[PDB]
Amino acid sequence: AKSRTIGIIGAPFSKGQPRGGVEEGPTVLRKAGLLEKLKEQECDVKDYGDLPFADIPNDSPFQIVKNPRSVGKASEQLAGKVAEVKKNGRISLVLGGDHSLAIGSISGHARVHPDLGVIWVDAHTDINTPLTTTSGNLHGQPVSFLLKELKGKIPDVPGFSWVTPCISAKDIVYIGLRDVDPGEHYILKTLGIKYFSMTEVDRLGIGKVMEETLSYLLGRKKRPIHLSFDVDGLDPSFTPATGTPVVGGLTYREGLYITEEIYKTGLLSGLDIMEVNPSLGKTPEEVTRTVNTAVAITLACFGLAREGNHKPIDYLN
Amino acid sequence: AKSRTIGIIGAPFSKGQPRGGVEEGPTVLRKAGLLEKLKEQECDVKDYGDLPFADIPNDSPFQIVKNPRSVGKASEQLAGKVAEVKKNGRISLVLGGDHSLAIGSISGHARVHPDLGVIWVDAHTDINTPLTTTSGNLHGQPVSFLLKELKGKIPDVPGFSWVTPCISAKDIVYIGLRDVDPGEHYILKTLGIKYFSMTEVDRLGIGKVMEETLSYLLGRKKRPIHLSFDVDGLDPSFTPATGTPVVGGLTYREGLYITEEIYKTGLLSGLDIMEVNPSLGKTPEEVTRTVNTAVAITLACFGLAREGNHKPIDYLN
Amino acid sequence: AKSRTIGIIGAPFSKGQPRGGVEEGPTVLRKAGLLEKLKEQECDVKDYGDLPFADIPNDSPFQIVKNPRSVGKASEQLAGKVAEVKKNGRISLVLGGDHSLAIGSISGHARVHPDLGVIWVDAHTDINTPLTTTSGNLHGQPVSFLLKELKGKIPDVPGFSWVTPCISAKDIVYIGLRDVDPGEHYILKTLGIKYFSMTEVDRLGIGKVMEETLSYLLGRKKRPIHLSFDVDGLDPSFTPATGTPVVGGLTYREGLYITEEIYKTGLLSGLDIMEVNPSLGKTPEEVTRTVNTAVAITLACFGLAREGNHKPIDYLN
Ligand SMILES: CC(C)[C@H](N)C(=O)N[C@H]1CN[C@H](C(=O)O)[C@@H]1CCC[B-](O)(O)O
Ligand SMILES: CC(C)[C@H](N)C(=O)N[C@H]1CN[C@H](C(=O)O)[C@@H]1CCC[B-](O)(O)O
Ligand SMILES: CC(C)[C@H](N)C(=O)N[C@H]1CN[C@H](C(=O)O)[C@@H]1CCC[B-](O)(O)O
Ligand SMILES: [Mn+2]
Ligand SMILES: [Mn+2]
Ligand SMILES: [Mn+2]
Ligand SMILES: [Mn+2]
Ligand SMILES: [Mn+2]
Ligand SMILES: [Mn+2]
């Protein structure tokens, strides 16, 4: 089935943030047996390999923005590979890597499927501009590089001249927000972006959260879905090996319920598993708890259900 | 008082699964002060003691099925004992022991109350037939031998000639499911059994789940309730000392909610507190934590309310 | 803004309970920088200092009730200070210290706003009378002294002659109950007090709980809200450094949600952050976790939101 036809793309990229380790994410995600687990799940899996991200020397900053040419080049590379995978009729599966790679993942996917809607699972909005940022870390800026309404609010940053915003403020729903900067909050409310912060999840329950997300995005017509999943969207008790953890997050059950309901539409076309840093777990156990949760989240996207699954045969015969 | 009249049966049996220790379940639950705690709770308790399950040497496998004569005879003796407690006008309380004992518990309970309904709290369906099973472990097969619709699918297993299925597929509700075999999922779906996996609990909340379960079983007519509670039904962060643990389980509150709501019906008639294994704790605290959650679930079954309880006396005078 | 205009009162008092260390609650909340964090949240903050409690010699018990003159004078002192804060148009924020201080907190607030409505977030009802108590601890008795309907059921207790019951049994809503003494449960039933125990929280979800809480208190017209927050209302996984912890409490998320909802009304006029004991944490991290949780609870009451916040300026210019 098309909802089970996958194309793996590794992205060993870390320069979108200061913490070293997130680049090892795809290697650690593969050592868990991801291809194998999906193969047994009736999935047509193809490994497109790990992208060759060349070391760019003398990458001087753009104002407060760090490693611009490196982040722009990586996403540009990913945009071509994601675009190739989509023309091959496969669901793109990006294994990050920092959340800056989403500029490339969504842009590549939008070239083949421009009518796509985004579900951004994160504790963060990642909507800072090279002008609103306080840190200068580009992994907290990808949404601003992708929005059409934010054209002219983004300057000529070195390495991102290839960029052309491919989504409108209406084509994106946030889930799990609990750490939004003032600049980001001003962008969120003025653009009238649809979001479900932790407050909304507590009020409604993940069931109604999903009901409204899928209705708002897929109501009028059936359209491709791109799920960009920051592991920090879930509570640190489930994913501690991550760069920017925030308490009071989405539970393991909620994360599985989000990814189950998205499979159940059969409209998933793109997937991002981002911010898994194996060098940041306090114990080796906290590391495997993050990797196992990330694996479990991905499997649910492609059909693995808690009620169970079976093949189309008579088990009683 | 009918809902607070109890007959305790210790069922120290382990041969339905491969790990030693579960037979100590009746010991550790008693040492916790369960009996005394039930009497403090205005309960009329009788302890029928522990069943002696005389050694069955010469108990070779039936295909891949391990210890069939031992599992068969322990359930048969438990069936006689449960029926006896039921004649004496008491709610039967089986302290296990592995979940294969449920064949005895439900058969014995049904011998006296053939109109009973089953609420099965577990991560697993335990509905593999001796032919769909890959493990050969009988603790994952109790429901198959009890379901009337599966007659002609259960072969002639030594030790089980006494079994006559007593529950129709329409008379059972599963709660807590998250690890179901392909063969089991096919059975579940083809026979149209009412279930609420972890997906449904996430979707509706435990509030609607219990309202639906009690309306589903008692809507047509008020009948006796048999609750078979597997401790692995609750999350291993609450019940870690258990042989088959699965992450993303029922919370402490959710578990007390299910039992508090079953209590209020006033119709509880049979109770099974299965799979506590005090030798499967990684630390001594994990053991106490398991036994304590088990005892707290039990006390809610017989009247303990979180809002409080009071005697019909004037506390102000 | 009126809802971000605060009067800080420290109450370093522990004689309402037997466990030493709760008097250091004002010290640790201040050290965690609560006042500095409030001013960064656009709050008008005046510091009224930490109340000096004169050590009373020959404090003979009244029956089983320990230190009545000490508890009685400390509430008498706080009642004065709160009235003073209320008179100068500020929201009184009391940093405790044991929960007996709510006698003085609420009495003081009702002297200036006699139409106040009380939300009591706690694992306990604290409604024991000096005669229904078996512990003799006054931190488990403040609601009995404040309720009008119990006048005649409270005898002449030394240190409390200045007390005049100021609220009706219908002017209070409990959230989080799971540990209620029989006499307290009796009073709860006979006086028809509105409550959401953990049972109602599990049944309805914190959304419906907050809808019904504000609707019940504010339905007829806007009235001022007094929130009495005992850290033990939350689960000991989030607030361990406390005197009377109980399993199955409100989550970190549900706590934030209650407070975010109260702030949104713009009617918070009285607040008590109670029962933090920095000497009761097993590790130094248990102490910081409690304190950080208490800090976050106080921040939500004065505007801090999980969807984000911002100054009324243009961030894109
Ligand atoms: C908790 C604080 C100290 C921390 N700086 C933190 O989380 N902050 C977030 C929110 N805005 C920051 C930025 O713009 O640099 C951070 C972005 C995170 C990017 B993401 O892909 O991991 O979602
Ligand atoms: C997760 C996998 C590895 C594990 N073997 C596991 O839990 N599997 C379940 C599902 N079916 C298996 C069987 O037939 O043996 C197991 C039975 C569990 C029985 B019960 O009474 O404890 O519910
Ligand atoms: C769990 C049991 C053993 C324990 N004695 C416990 O918590 N019990 C509660 C209920 N009534 C007791 C009393 O009257 O002393 C306790 C009051 C707690 C006051 B509070 O401010 O912290 O809410
Ligand atoms: Mn992100
Ligand atoms: Mn994030
Ligand atoms: Mn079981
Ligand atoms: Mn089980
Ligand atoms: Mn309390
Ligand atoms: Mn209290």
# chains A, B, ... in the order shown; residues from 1 in each chain; ligands from 1
$ residues_near_ligand --ligand "ligand 3" --cutoff "9 Å" --atoms "only C-alpha atoms and all ligand atoms" --output "ChimeraX atom specification"
/C:16-17,98-100,122-129,132-142,179-181,184,230-233,242-246,274-275
$ interface_residues --of "chain A" --to "chain B" --cutoff "7 Å" --atoms "only C-alpha atoms" --output "VMD selection string"
chain A and resid 206 to 207 252 to 254 257 306 to 310 315
$ atom_distance --atom1 "CA of residue 115 (chain A)" --atom2 "CA of residue 96 (chain A)"
24.1 Å
$ calpha_fit_and_write --fixed "chain B" --moving "chain A" --output "CSV table (one decimal) with C-alpha atoms, in the first residue's frame"
chain,number,residue,atom,x,y,z
A,1,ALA,CA,-23.5,-5.5,52.4
A,2,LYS,CA,-23.4,-8.1,49.5
A,3,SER,CA,-21.0,-5.8,47.5
A,4,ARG,CA,-18.6,-6.1,50.6
A,5,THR,CA,-19.1,-9.8,51.4
A,6,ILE,CA,-15.9,-11.5,50.2
A,7,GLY,CA,-14.3,-15.0,50.0
A,8,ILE,CA,-10.5,-15.1,49.5
A,9,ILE,CA,-9.0,-17.9,47.4
A,10,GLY,CA,-5.2,-18.1,46.9
A,11,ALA,CA,-3.8,-19.6,43.7
A,12,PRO,CA,-0.1,-20.2,44.1
A,13,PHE,CA,0.2,-21.3,40.4
A,14,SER,CA,3.0,-20.4,37.9
A,15,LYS,CA,3.2,-23.2,35.2
A,16,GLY,CA,1.0,-21.2,32.8
A,17,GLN,CA,4.1,-19.2,31.9
A,18,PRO,CA,8.0,-19.7,31.9
A,19,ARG,CA,9.0,-17.0,34.6
A,20,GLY,CA,9.3,-18.4,38.1
A,21,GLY,CA,7.9,-16.2,40.9
A,22,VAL,CA,4.2,-15.4,40.1
A,23,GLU,CA,3.2,-18.4,42.5
A,24,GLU,CA,4.5,-16.3,45.5
A,25,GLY,CA,2.0,-13.6,44.5
A,26,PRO,CA,-0.8,-14.5,47.0
A,27,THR,CA,1.8,-14.8,49.9
A,28,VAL,CA,3.2,-11.4,49.1
A,29,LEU,CA,-0.4,-10.0,48.6
A,30,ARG,CA,-1.3,-11.3,52.2
A,31,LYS,CA,2.0,-9.9,53.8
A,32,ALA,CA,0.8,-6.4,52.6
A,33,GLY,CA,-2.3,-6.9,54.9
A,34,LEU,CA,-5.1,-7.4,52.4
A,35,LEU,CA,-7.6,-9.2,54.7
A,36,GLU,CA,-6.9,-6.6,57.5
A,37,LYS,CA,-7.3,-3.6,55.1
A,38,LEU,CA,-10.6,-4.9,53.8
A,39,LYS,CA,-11.9,-5.8,57.4
A,40,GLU,CA,-11.5,-2.1,58.3
A,41,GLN,CA,-13.4,-1.3,55.1
A,42,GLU,CA,-16.7,-2.7,56.5
A,43,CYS,CA,-16.1,-6.0,54.6
A,44,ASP,CA,-17.2,-9.5,55.7
A,45,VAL,CA,-14.0,-11.3,54.8
A,46,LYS,CA,-13.5,-15.1,54.8
A,47,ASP,CA,-10.2,-16.8,53.9
A,48,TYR,CA,-10.9,-20.1,52.0
A,49,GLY,CA,-7.1,-20.7,52.0
A,50,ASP,CA,-4.4,-21.4,49.4
A,51,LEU,CA,-5.2,-24.2,47.0
A,52,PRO,CA,-3.1,-27.4,47.1
A,53,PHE,CA,-1.7,-27.6,43.5
A,54,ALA,CA,0.1,-31.0,43.4
A,55,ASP,CA,3.3,-31.4,41.3
A,56,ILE,CA,2.4,-33.3,38.1
A,57,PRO,CA,5.5,-35.2,36.8
A,58,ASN,CA,6.1,-36.3,33.2
A,59,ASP,CA,3.8,-33.4,31.9
A,60,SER,CA,5.0,-33.7,28.3
A,61,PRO,CA,3.8,-30.8,26.0
A,62,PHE,CA,0.7,-30.7,23.6
A,63,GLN,CA,2.4,-29.6,20.4
A,64,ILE,CA,3.9,-26.2,21.4
A,65,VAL,CA,1.6,-25.8,24.5
A,66,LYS,CA,3.7,-26.3,27.8
A,67,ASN,CA,2.6,-28.0,31.1
A,68,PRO,CA,-1.0,-28.7,29.8
A,69,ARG,CA,-2.1,-31.2,32.5
A,70,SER,CA,-0.8,-28.9,35.2
A,71,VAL,CA,-2.7,-25.8,33.9
A,72,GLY,CA,-5.9,-27.8,33.3
A,73,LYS,CA,-5.8,-29.4,36.8
A,74,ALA,CA,-5.2,-26.0,38.6
A,75,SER,CA,-8.1,-24.3,36.8
A,76,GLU,CA,-10.3,-27.4,37.5
A,77,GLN,CA,-9.5,-27.1,41.2
A,78,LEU,CA,-10.1,-23.4,41.3
A,79,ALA,CA,-13.5,-23.9,39.4
A,80,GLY,CA,-14.8,-26.0,42.3
A,81,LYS,CA,-13.6,-23.7,45.1
A,82,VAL,CA,-14.9,-20.5,43.2
A,83,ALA,CA,-18.3,-22.4,42.7
A,84,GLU,CA,-18.3,-23.3,46.5
A,85,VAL,CA,-17.6,-19.6,47.5
A,86,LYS,CA,-20.4,-18.4,45.2
A,87,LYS,CA,-23.0,-20.9,46.6
A,88,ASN,CA,-21.9,-19.5,50.0
A,89,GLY,CA,-23.1,-16.1,48.8
A,90,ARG,CA,-19.7,-14.4,48.8
A,91,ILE,CA,-17.8,-12.4,46.1
A,92,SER,CA,-15.0,-14.7,44.9
A,93,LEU,CA,-11.5,-13.2,45.2
A,94,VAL,CA,-8.8,-15.1,43.4
A,95,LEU,CA,-5.1,-14.1,44.2
A,96,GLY,CA,-2.9,-15.3,41.3
A,97,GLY,CA,-0.8,-16.6,40.0
A,98,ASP,CA,-0.7,-16.5,36.1
A,99,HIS,CA,-3.7,-15.5,34.1
A,100,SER,CA,-4.4,-19.1,33.0
A,101,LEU,CA,-6.3,-19.6,36.3
A,102,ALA,CA,-9.0,-17.4,34.8
A,103,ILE,CA,-10.3,-20.6,32.9
A,104,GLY,CA,-11.2,-21.9,36.4
A,105,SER,CA,-12.2,-18.7,38.1
A,106,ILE,CA,-14.8,-17.7,35.4
A,107,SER,CA,-16.0,-21.4,34.9
A,108,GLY,CA,-16.6,-21.9,38.6
A,109,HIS,CA,-18.4,-18.5,38.8
A,110,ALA,CA,-20.5,-19.4,35.7
A,111,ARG,CA,-21.8,-22.6,37.3
A,112,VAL,CA,-23.6,-20.5,40.0
A,113,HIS,CA,-24.1,-17.4,37.9
A,114,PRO,CA,-24.2,-18.2,34.1
A,115,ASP,CA,-25.6,-14.8,33.0
A,116,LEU,CA,-22.2,-13.1,34.0
A,117,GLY,CA,-20.4,-10.5,31.9
A,118,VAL,CA,-16.6,-10.2,31.9
A,119,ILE,CA,-14.4,-7.1,32.2
A,120,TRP,CA,-10.8,-8.1,31.2
A,121,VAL,CA,-8.3,-5.5,32.3
A,122,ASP,CA,-5.0,-6.3,30.4
A,123,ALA,CA,-2.4,-5.1,27.9
A,124,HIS,CA,-3.2,-8.4,26.2
A,125,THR,CA,-6.3,-10.2,24.8
A,126,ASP,CA,-5.2,-13.6,26.1
A,127,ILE,CA,-7.3,-15.0,23.2
A,128,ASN,CA,-4.6,-17.2,21.6
A,129,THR,CA,-5.7,-20.9,20.9
A,130,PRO,CA,-3.4,-23.9,21.4
A,131,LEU,CA,-3.2,-23.6,17.5
A,132,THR,CA,-2.6,-19.8,17.1
A,133,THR,CA,0.0,-19.5,20.0
A,134,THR,CA,3.7,-18.9,19.0
A,135,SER,CA,5.0,-19.2,22.6
A,136,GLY,CA,2.9,-22.2,23.9
A,137,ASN,CA,2.3,-20.3,27.3
A,138,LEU,CA,-1.3,-21.0,28.4
A,139,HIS,CA,-1.6,-17.7,30.4
A,140,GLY,CA,-2.1,-16.0,27.0
A,141,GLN,CA,-4.8,-18.5,25.9
A,142,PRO,CA,-7.6,-18.4,28.7
A,143,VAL,CA,-10.2,-16.4,26.7
A,144,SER,CA,-10.2,-18.9,23.8
A,145,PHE,CA,-10.9,-21.8,26.3
A,146,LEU,CA,-13.9,-19.8,27.6
A,147,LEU,CA,-15.6,-18.6,24.3
A,148,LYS,CA,-18.6,-20.6,22.9
A,149,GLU,CA,-18.0,-19.2,19.3
A,150,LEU,CA,-14.5,-20.8,19.5
A,151,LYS,CA,-15.9,-24.3,20.0
A,152,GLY,CA,-14.1,-26.6,17.5
A,153,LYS,CA,-11.1,-24.2,17.2
A,154,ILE,CA,-9.8,-25.7,20.5
A,155,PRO,CA,-8.5,-29.4,20.2
A,156,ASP,CA,-8.5,-32.1,22.9
A,157,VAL,CA,-5.6,-30.7,25.1
A,158,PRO,CA,-4.6,-33.0,28.0
A,159,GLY,CA,-6.0,-31.8,31.3
A,160,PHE,CA,-8.8,-29.6,29.9
A,161,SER,CA,-11.4,-32.3,29.1
A,162,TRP,CA,-13.5,-30.9,32.0
A,163,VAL,CA,-13.8,-27.5,30.1
A,164,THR,CA,-17.1,-26.4,28.5
A,165,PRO,CA,-17.1,-22.7,27.2
A,166,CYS,CA,-19.3,-20.6,29.5
A,167,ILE,CA,-19.2,-17.1,27.8
A,168,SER,CA,-20.2,-15.7,24.4
A,169,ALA,CA,-18.1,-13.0,22.5
A,170,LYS,CA,-20.8,-10.5,23.5
A,171,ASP,CA,-20.4,-11.1,27.3
A,172,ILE,CA,-16.8,-9.7,27.5
A,173,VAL,CA,-15.3,-6.1,27.3
A,174,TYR,CA,-11.5,-5.5,27.2
A,175,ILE,CA,-9.7,-2.5,28.8
A,176,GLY,CA,-6.1,-1.5,28.3
A,177,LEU,CA,-5.0,-3.5,25.2
A,178,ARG,CA,-1.6,-2.5,23.6
A,179,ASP,CA,0.1,-5.8,22.8
A,180,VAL,CA,-2.2,-7.9,20.6
A,181,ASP,CA,-0.8,-10.8,18.4
A,182,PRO,CA,-2.0,-11.1,14.7
A,183,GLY,CA,-3.9,-14.3,15.5
A,184,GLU,CA,-5.6,-12.6,18.5
A,185,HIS,CA,-6.3,-9.5,16.4
A,186,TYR,CA,-8.0,-11.7,13.7
A,187,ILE,CA,-10.1,-13.4,16.5
A,188,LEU,CA,-10.9,-10.0,18.2
A,189,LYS,CA,-12.4,-8.3,15.0
A,190,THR,CA,-14.1,-11.4,13.4
A,191,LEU,CA,-16.0,-12.3,16.6
A,192,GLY,CA,-16.9,-8.5,16.9
A,193,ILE,CA,-15.7,-8.5,20.6
A,194,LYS,CA,-16.2,-5.1,22.4
A,195,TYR,CA,-12.8,-3.6,23.4
A,196,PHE,CA,-11.2,-0.4,24.6
A,197,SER,CA,-7.5,-0.5,23.5
A,198,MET,CA,-5.2,2.3,24.8
A,199,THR,CA,-6.2,4.3,21.6
A,200,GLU,CA,-9.9,4.3,22.8
A,201,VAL,CA,-8.8,5.4,26.3
A,202,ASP,CA,-6.8,8.3,24.8
A,203,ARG,CA,-9.7,9.3,22.5
A,204,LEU,CA,-12.5,9.1,25.0
A,205,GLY,CA,-11.0,9.3,28.5
A,206,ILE,CA,-11.5,6.6,31.2
A,207,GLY,CA,-14.8,8.3,32.2
A,208,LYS,CA,-16.5,7.6,28.8
A,209,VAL,CA,-14.6,4.2,28.7
A,210,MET,CA,-16.4,3.2,31.9
A,211,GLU,CA,-19.7,4.8,30.9
A,212,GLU,CA,-19.8,2.6,27.6
A,213,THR,CA,-18.4,-0.6,29.3
A,214,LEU,CA,-21.1,-0.7,32.0
A,215,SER,CA,-23.8,0.4,29.5
A,216,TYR,CA,-22.9,-2.3,26.9
A,217,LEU,CA,-22.7,-5.1,29.5
A,218,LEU,CA,-25.5,-4.0,32.0
A,219,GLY,CA,-28.0,-2.0,29.7
A,220,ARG,CA,-30.9,-4.5,29.1
A,221,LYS,CA,-30.8,-6.2,32.6
A,222,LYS,CA,-28.7,-6.1,35.9
A,223,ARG,CA,-26.3,-9.0,35.8
A,224,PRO,CA,-23.3,-10.3,37.8
A,225,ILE,CA,-19.8,-8.8,36.9
A,226,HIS,CA,-16.5,-10.8,36.9
A,227,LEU,CA,-13.5,-8.5,36.8
A,228,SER,CA,-10.3,-10.3,35.6
A,229,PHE,CA,-7.4,-7.9,36.3
A,230,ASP,CA,-3.9,-8.5,34.9
A,231,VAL,CA,-1.6,-6.0,36.7
A,232,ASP,CA,0.2,-5.5,33.3
A,233,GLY,CA,-3.0,-3.6,32.2
A,234,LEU,CA,-1.4,-0.7,34.1
A,235,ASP,CA,1.8,1.0,33.0
A,236,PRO,CA,5.1,-0.6,34.2
A,237,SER,CA,5.8,2.7,36.1
A,238,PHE,CA,3.1,1.4,38.6
A,239,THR,CA,3.4,-2.5,38.3
A,240,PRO,CA,7.0,-3.4,37.2
A,241,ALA,CA,7.1,-6.8,39.0
A,242,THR,CA,5.1,-8.7,36.3
A,243,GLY,CA,6.0,-11.2,33.6
A,244,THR,CA,5.0,-9.4,30.4
A,245,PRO,CA,5.3,-5.6,30.8
A,246,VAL,CA,4.1,-3.1,28.1
A,247,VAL,CA,4.8,0.7,28.0
A,248,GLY,CA,2.0,3.3,27.5
A,249,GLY,CA,-0.3,1.6,30.0
A,250,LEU,CA,-3.3,2.6,32.2
A,251,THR,CA,-2.3,5.0,35.0
A,252,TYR,CA,-2.8,4.4,38.7
A,253,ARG,CA,-5.7,7.0,38.6
A,254,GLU,CA,-7.4,5.1,35.6
A,255,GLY,CA,-7.0,1.8,37.4
A,256,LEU,CA,-8.7,3.3,40.6
A,257,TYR,CA,-11.4,4.9,38.4
A,258,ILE,CA,-12.2,1.5,36.7
A,259,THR,CA,-12.5,-0.3,40.1
A,260,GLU,CA,-14.4,2.6,41.7
A,261,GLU,CA,-17.1,2.6,38.9
A,262,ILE,CA,-17.5,-1.2,39.2
A,263,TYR,CA,-18.1,-1.0,43.0
A,264,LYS,CA,-20.7,1.8,42.3
A,265,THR,CA,-22.8,-0.7,40.3
A,266,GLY,CA,-23.0,-3.1,43.3
A,267,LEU,CA,-22.9,-6.0,40.7
A,268,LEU,CA,-19.3,-7.3,41.2
A,269,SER,CA,-19.6,-11.1,41.9
A,270,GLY,CA,-16.0,-12.3,40.9
A,271,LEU,CA,-12.5,-10.8,41.1
A,272,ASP,CA,-9.1,-11.9,39.8
A,273,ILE,CA,-5.8,-10.2,40.7
A,274,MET,CA,-3.2,-11.9,38.4
A,275,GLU,CA,0.4,-11.8,37.2
A,276,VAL,CA,2.1,-10.3,40.3
A,277,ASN,CA,5.7,-11.8,40.2
A,278,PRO,CA,7.8,-10.5,43.2
A,279,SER,CA,11.0,-12.1,41.7
A,280,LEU,CA,10.8,-9.7,38.7
A,281,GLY,CA,11.3,-6.2,40.3
A,282,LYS,CA,14.6,-4.5,39.5
A,283,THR,CA,14.8,-3.0,43.1
A,284,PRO,CA,12.9,-4.1,46.3
A,285,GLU,CA,11.0,-0.8,45.9
A,286,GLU,CA,9.6,-1.8,42.4
A,287,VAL,CA,8.3,-5.0,44.1
A,288,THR,CA,6.4,-3.1,46.9
A,289,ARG,CA,5.1,-0.5,44.3
A,290,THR,CA,3.5,-3.4,42.4
A,291,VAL,CA,2.0,-5.1,45.6
A,292,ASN,CA,0.8,-1.7,47.0
A,293,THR,CA,-0.9,-0.8,43.6
A,294,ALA,CA,-2.5,-4.4,43.5
A,295,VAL,CA,-3.8,-3.9,47.1
A,296,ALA,CA,-5.1,-0.3,46.2
A,297,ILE,CA,-6.8,-1.7,43.1
A,298,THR,CA,-8.6,-4.5,45.1
A,299,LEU,CA,-9.7,-2.1,47.9
A,300,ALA,CA,-11.4,0.2,45.4
A,301,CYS,CA,-13.4,-2.8,44.0
A,302,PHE,CA,-15.0,-3.2,47.5
A,303,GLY,CA,-15.9,0.5,48.3
A,304,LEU,CA,-12.7,2.5,49.0
A,305,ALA,CA,-13.2,5.9,47.4
A,306,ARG,CA,-10.8,8.8,46.8
A,307,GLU,CA,-13.5,11.4,47.8
A,308,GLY,CA,-13.6,9.6,51.2
A,309,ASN,CA,-15.8,7.1,53.1
A,310,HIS,CA,-17.6,7.2,56.5
A,311,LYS,CA,-19.9,4.9,58.7
A,312,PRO,CA,-23.7,5.5,58.9
A,313,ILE,CA,-23.5,7.8,62.1
A,314,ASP,CA,-23.5,11.6,62.9
A,315,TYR,CA,-19.8,12.5,63.0
A,316,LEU,CA,-20.8,16.1,64.1
A,317,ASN,CA,-22.5,14.6,67.2
$ select_by_dssp --residues "region 47-259 of chain C" --states "helix (DSSP H, G or I)" --output "count of residues only"
86
$ decode --residues "region 190-219 of chain A" --atoms "C-alpha atoms" --output "PDB file, in the first residue's frame"
ATOM      1  CA  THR A 190      -1.078  38.001  14.156  1.00  0.00           C
ATOM      2  CA  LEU A 191      -0.874  35.391  11.323  1.00  0.00           C
ATOM      3  CA  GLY A 192      -3.825  33.586  12.972  1.00  0.00           C
ATOM      4  CA  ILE A 193      -1.964  30.207  12.782  1.00  0.00           C
ATOM      5  CA  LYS A 194      -3.952  27.182  14.109  1.00  0.00           C
ATOM      6  CA  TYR A 195      -2.277  25.624  17.185  1.00  0.00           C
ATOM      7  CA  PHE A 196      -2.943  23.278  20.082  1.00  0.00           C
ATOM      8  CA  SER A 197      -0.613  24.253  22.935  1.00  0.00           C
ATOM      9  CA  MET A 198      -0.423  21.924  26.001  1.00  0.00           C
ATOM     10  CA  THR A 199      -3.353  24.026  27.495  1.00  0.00           C
ATOM     11  CA  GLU A 200      -5.612  22.996  24.538  1.00  0.00           C
ATOM     12  CA  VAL A 201      -4.517  19.341  24.919  1.00  0.00           C
ATOM     13  CA  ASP A 202      -5.444  19.505  28.713  1.00  0.00           C
ATOM     14  CA  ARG A 203      -8.809  21.209  27.909  1.00  0.00           C
ATOM     15  CA  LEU A 204      -9.917  18.964  24.985  1.00  0.00           C
ATOM     16  CA  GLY A 205      -7.940  15.721  25.246  1.00  0.00           C
ATOM     17  CA  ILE A 206      -5.747  14.402  22.420  1.00  0.00           C
ATOM     18  CA  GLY A 207      -8.869  12.761  20.837  1.00  0.00           C
ATOM     19  CA  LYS A 208     -10.616  16.111  20.140  1.00  0.00           C
ATOM     20  CA  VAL A 209      -7.100  17.637  19.434  1.00  0.00           C
ATOM     21  CA  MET A 210      -6.715  15.148  16.505  1.00  0.00           C
ATOM     22  CA  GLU A 211     -10.392  15.421  15.440  1.00  0.00           C
ATOM     23  CA  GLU A 212      -9.995  19.235  14.891  1.00  0.00           C
ATOM     24  CA  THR A 213      -6.412  19.084  13.438  1.00  0.00           C
ATOM     25  CA  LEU A 214      -7.469  16.650  10.676  1.00  0.00           C
ATOM     26  CA  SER A 215     -10.800  18.458  10.098  1.00  0.00           C
ATOM     27  CA  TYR A 216      -9.155  21.974   9.800  1.00  0.00           C
ATOM     28  CA  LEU A 217      -6.433  20.671   7.426  1.00  0.00           C
ATOM     29  CA  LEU A 218      -8.377  17.975   5.415  1.00  0.00           C
ATOM     30  CA  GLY A 219     -12.045  19.243   5.511  1.00  0.00           C
TER      31      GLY A 219
END
